[PDB]
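The structure appears right after this line, and notes come after that.
Protein chains in written order, with the deposited numbering: chain I, 24 to 356; chain B, 4 to 305.
Here is the structure:
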């Protein structure tokens, strides 16, 4: 059960952020005055990772220097970081074949695309992955899911519809829809090959993507075998389901608690407002993870670090955070 | 050689040389002339000079308290039955070292007692002590947000004096009368006070309206503060609400007058009980309730 290795997909969703990612990398950008990687690394440490892998090509030098300065190059760290240097801008499938050629994957490995902040304990996830792997031999990868904000009417970038089992929690279909932004398409066609094998069909759009994966040793061998697969969700999951290799299973995990992957600007804005609020119970500014952080919680959701300078007769609002060594003038809201 | 005359010479000075610390320094100078080798010749003449000082006192309490601590230190010197000369040299030197300790204590408190004033808190300040104002100034030096409300105390008009000293710093203020002081306790976070003395019981010896402040704050449940330098402790136990050492009037009722001359007379110094004080601040740590008495028991060994 022990010894766990992780692979992080960086250089993945660049230029998806339109004005930025020009000089400095995607994941260097701060959410709450602290880099996005730091959140992911904290999730790795809480999960129990012994060996860390990172995928850097574009602005790779700045990433490597940041890891040099990081809290994990120091000997006491539970994990060690090794960077993968690849050709500039390639699909996830191409990187998977590169890693299989190098051959470091042992048993069960971890793959995360993008940077995700979640308060969900991973120890439960590992156990249920292992329990379901002991159920049948040909079982592959694990997917995370969380319940949405009642209706996803504001969420347009992630229109992923999931068809799931009530008994075994196996995914059946993945579909993207333009619906509310572009009223053009309405139809969704589903394969009727798995009708009586499941019986208890459950179709949901009210679930948020996470793109966090627990994967077996089968995965890198399949990527090299079928080099036509470029993506990991849109074509790959659907390809696995639609009788590519008969008798192969993939997991879908439901969790009540908060887990949202960063992808767009207006999603980033909501996650940030959720972090300022007490949505992520452990993940709060006051606990201080970067060690240099000296944030203190104040009532009405107001965050202030040490050495905060403020002018007299100034009003502060709700769900606000201010860094260290900061000066503010009069008449400010 | 005189001691009352030496204390009278401090007119335009003050501020740095605190009123008791200047009287203690005057006690050491009078000691070091006529040989501290003899304990019969010197101590008796020191006792006579303190008695002459008390007889010349109009409305001061702290000078009597400061004498006690001096005496105590003198007696404690040769408690090790040490050389009647190195013990003496250490006693004479502990006069300038006593005044130097007033600076070190103020350096301690102004970093400890800034913690009590939180993010954006409106303060109603009453009285004037060098410790409380030093907290107020070195919090402004710490760049912290606080509002200030001035109480119209009536001894030698202290409110106006306090208001002008707050103007020289750069902190927004307005005059509040001690009559209307009840109507302020809702827009005030915390109430602060500077004391003339702190009781054996745990109560306070203060100015022309401080008990009244203490009770109103107890009604409004809003905190009540006492901040001072640790030398204003007497073995005094004011048993009742209106009993204090006085040279002038303990409430006098005058006859029928037409020219209007005999009027003013009211209790200029008033006591408040132990229950009304929420917090007390000195250089001797952060302590309030039974702490004062334990200090006095430790000193007096009785």
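Just so it is clear, CB atoms sit at the ideal spot from N, CA and C, and this is done for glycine as well.
message: Strictly by DSSP, which residues pair up with residue 321(I)?
response: 325(I)
query: Hey, is residue 308(I)'s beta-carbon within less than 8 Å of any beta-carbon in chain B?
result: no
- request: Mind checking the stretch 308-336 of chain I against chain D and listing, in chain order, the residues whose C-beta falls within less than 7 Å of any C-beta there?
  value: Here the protein chains are I and B, and chain D is not one of them.
message: Any beta carbon from chain I within less than 8 Å of residue 122(B)'s own beta carbon?
response: yes
query: If the cut is a Cβ gap below 9 Å, which residues of chain I does residue 226(B) touch?
result: Neighbours of residue 226(B) on chain I: none; closest Cβ ~17 Å, over 9 Å.
Of the listed residues 324(I), 101(I) and 270(I), nearest to residue 216(I) (C-alpha basis): 270(I)
task: At 8 Å on the CB atoms, spell out the chain I contacts of residue 101(B), in chain order.
output: Correct list: empty, because the minimum Cβ distance to chain I is about 36 Å.
field: Continuous beta strand (DSSP E) stretch holding residue 209(B): start and end
entry: Per DSSP, residue 209(B) belongs to the beta strand (DSSP E) from 207-209.
- prompt: How about residue 146(B): is its C-beta nearer than 8 Å to some C-beta of chain I?
  reply: So yes, residue 146(B) belongs to the interface.
query: In chain order, what residues of the same chain have a beta carbon less than 7 Å from the beta carbon of residue 279(I), not counting five sequence neighbours either side?
result: 170
task: Indicate whether the contact test is met: 3 or more Cβ pairs, each with one atom in the stretch 99-114 of chain B and one in the stretch 222-240 of chain B, closer than 8 Å.
output: Short answer: they touch.
query: Would a C-beta distance cut-off of 8 Å place residue 24(B) and residue 152(B) closer than the cut-off?
result: no
- prompt: Does the beta-carbon distance from residue 7(B) to residue 55(B) come in below 8 Å?
  reply: yes
- prompt: Which of the three DSSP states, helix, strand or coil, is assigned to residue 123(I)?
  reply: Helix.
field: Residues that residue 175(B) contacts on chain I, provided the C-beta gap is smaller than 8 Å
entry: Here the neighbours are 335 and 336.
query: With DSSP run on the structure shown, which of helix, strand or coil describes residue 237(I)?
result: strand
- prompt: For the stretch 87-103 of chain B against the stretch 129-137 of chain B, are there 3 or more C-beta pairs whose distance is under 8 Å?
  reply: Taking 8 Å as the limit for Cβ pairs, the verdict is that the stretch 129-137 of chain B does not touch the stretch 87-103 of chain B.
query: Straight-line CA distance for residue 13(B) to residue 28(B)?
result: Whole-angstrom Cα-Cα distance: 12 Å.
Beta strand (DSSP E) segment containing residue 169(I), residue limits: 164-170 is the span of the beta strand (DSSP E), which, as asked, contains residue 169(I).
- request: Go through its chain and collect everything with a Cβ distance to residue 124(I)'s Cβ below 7 Å, but skip five positions before and after it.
  value: none
query: What residues are listed by DSSP as bridge partners for residue 293(B)?
result: Note: residue 293(B) sits in no beta bridge, so no partner.
task: Identify every residue that forms a DSSP beta bridge with residue 274(I).
output: 193(I)
field: Under the three-state DSSP convention, the category residue 338(I) falls into
entry: coil
field: Paired residues, beta bridge with residue 224(B) - DSSP
entry: BP columns for residue 224(B) are empty, so no partner.
query: residue 188(I) lies in the alpha helix (DSSP H); which residues open and close that run?
result: Where residue 188(I) is concerned, there is no enclosing alpha helix (DSSP H), although the beta strand (DSSP E) it sits in stretches over 184-188.
message: Does the contact criterion of 3 or more C-beta pairs under 8 Å hold for the stretch 251-260 of chain B versus the stretch 66-86 of chain B?
response: no
field: Cut-off 7 Å between Cβ atoms - residues of its own chain near residue 313(I), not counting five sequence neighbours on either side
entry: 57 and 61
query: Using the C-alpha atoms, what's the distance from residue 176(B) back to residue 293(I)?
result: 42 Å
- prompt: Under the three-state reduction of DSSP, which class applies to residue 148(B): helix, strand or coil?
  reply: coil
query: Of the residues 291(B), 159(B), 50(B) and 62(B), which one's Cα is nearest the Cα of residue 206(B)?
result: 291(B)
task: Could you tell me if residue 229(I) is buried or exposed, where buried requires 16 or more neighbouring beta carbons within 10 angstroms of its beta carbon?
output: exposed
field: Strand pairing of residue 108(I), partner residues [DSSP]
entry: 79(I)
- prompt: Less than 8 Å separating the beta-carbons of residue 69(B) and residue 156(B)?
  reply: no
Residue closest to residue 124(B), alpha-carbon to alpha-carbon, out of 350(I), 338(I), 266(I) and 354(I): 338(I)
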